[PDB]
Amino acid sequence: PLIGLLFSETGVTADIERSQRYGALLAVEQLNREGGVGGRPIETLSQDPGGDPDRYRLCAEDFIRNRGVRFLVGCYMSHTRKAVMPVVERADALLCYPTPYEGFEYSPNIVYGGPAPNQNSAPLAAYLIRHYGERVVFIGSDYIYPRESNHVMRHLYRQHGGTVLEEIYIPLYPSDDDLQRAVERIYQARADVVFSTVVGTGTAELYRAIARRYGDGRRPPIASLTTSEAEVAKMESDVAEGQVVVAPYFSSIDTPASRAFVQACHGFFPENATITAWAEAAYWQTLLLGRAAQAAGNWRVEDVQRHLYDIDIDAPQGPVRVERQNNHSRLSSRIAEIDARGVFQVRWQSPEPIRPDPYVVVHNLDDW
């Protein structure tokens, strides 16, 4: 029972990915301190790809081709996932992707554990409009995830007679110059909501810069599908507060499942790793890989795959399951609002988990 962990320790998204790696290590901790799997311990491998799609492919290639790894948990940014995908498909291996993403992709060797657009973007557009206004400006990092995410958010805003004023992109490793010319464009647009697909390090700098250009008084909230407690941990409470995020989970949800997961994260994560919805996704997907294998009684991919879709996990977010029709997950969706003191204050929560529909045709979408 060998498991490969593809999560950055350095790079643009080092903080979020460390949060993910740890939720994964914790799932294996408990799966092991439960007799392991087959009385044999599940052992993990880690390599820091530093958020580079070529080092992710190389690392995947080394884990698979040399270490005989057939099961992996990892990747956050979409281009890095796409770089590893050919590798896992050739090798008949399996990869669990614990991150929200743009949709429009299918692979029999990848289990998608974060929300497709219909699970986060769809509920969010309805909440933003029918709560803030209809004018929005998009700002994203310059790669496939923001671009594709804004393509679909384009469609959603129109469907609800909203207006997309601008669509701005900044480098993943942005200079203050970029950040300044961008915020200026956001400032002058006069929008009611700023939709952010800025990931990693630039996230907190973006947020603070917008706050700082606005100064005293009313500035649009920043909505995001990625900002979590990890990025939030890097901002000042007045910069953080009021910002909106949709995630199938937050560290502060009421329930016994959340608290158990939490008080446990607190007793295992190192001080530089934070509890986020993405660590939560890497945690439940890692359990399931365990459970499926106990049930299959083996560490063969076919053996484990057949059981993957028949195990329902009672994850810290709510019950979860993986659809066999597209390899995506039934996930909850929560729209939280950050506190003046930095806590995510859930404002809305989906009545039940949303089934995944990766090919997002907006008119065929349920309307929140």
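A residue's number is simply how far along the shown sequence it sits, counting from 1.
In this entry, the higher average B-factor at the C-alpha atoms falls on 251-259, of the pair 251-259 and 106-114. As listed in the deposited structure, the average C-alpha B-factor of 334-342 and of 316-324 is greater for 334-342. When the C-alpha B-factors of 219, 151, 291, 81 are ranked from the entry, the top spot goes to 219. For the set 235, 198, 122, 75, the PDB entry assigns the largest Cα B-factor to 235. When the CA B factors of the chain's modelled residues are split into thirds, the value for residue 205 lands in the middle one. In the PDB entry, a CA B factor belonging to the middle third of its chain's modelled residues is recorded for residue 127.
The PDB entry assigns residue 95 a C-alpha temperature factor belonging to the lowest third of its chain's modelled residues.
In the deposited entry, the Cα temperature factor of residue 146 places it in the lowest third of its chain's modelled residues. Compared with the other modelled residues of the chain, the Cα B-factor recorded for residue 267 ranks in the highest third.
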